[PDB]
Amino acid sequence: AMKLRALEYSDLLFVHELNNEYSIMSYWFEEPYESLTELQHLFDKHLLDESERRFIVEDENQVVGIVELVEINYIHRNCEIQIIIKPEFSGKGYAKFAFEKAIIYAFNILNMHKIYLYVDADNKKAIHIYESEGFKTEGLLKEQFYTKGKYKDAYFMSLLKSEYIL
């Protein structure tokens, strides 16, 4: 049984470890962190800020990933979604599950109108997870991110609640 659970202070080591698996710099409420000690301090600084919301993805046996809703805007009713699954659990349907649940949370709980994400235009496996959840490409943002010594293009993809309920 998988589930999404709200992120606690005690989750931050996992968060740190997961993001450490990627060379791209990591942010907590738009402030950068590279260590667990930085992450703990940013966590306490932003503790009641509603612009981001995070969930731990679990099965009964362990924590397997994180769902982040960020740039949550309650006027325009949209937010950016980021999901990271431990790479050792790829293809096991944790990403599909996390997506399904987070989309449901954004639309049916938070009452968002639209959700969007950015994805490296070379990350075919991620794009396919996104596409299977109904995300559509709305933009190709050239040289938008600098990663591993190169500026890379990113797709802006999005999902409208109205498309979601059809």
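Counting begins at 1, following the sequence as shown.
Set 33-41 against 100-108 and average the Cα temperature factors; 33-41 ends up higher. Stretches compared: 152-160, 7-15. Higher mean C-alpha B-factor in the entry: 7-15. The PDB entry assigns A121 a C-alpha temperature factor belonging to the middle third of its chain's modelled residues. Remark: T137 belongs to the lowest third of its chain, ranked by C-alpha B-factor as recorded. Ranked within its chain, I81 lands in the lowest third, by CA B factor from the PDB record. Annotation for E60: CA B-factor lies in the highest third of the chain's modelled residues. Compared with the other modelled residues of the chain, the Cα B-factor recorded for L69 ranks in the lowest third.
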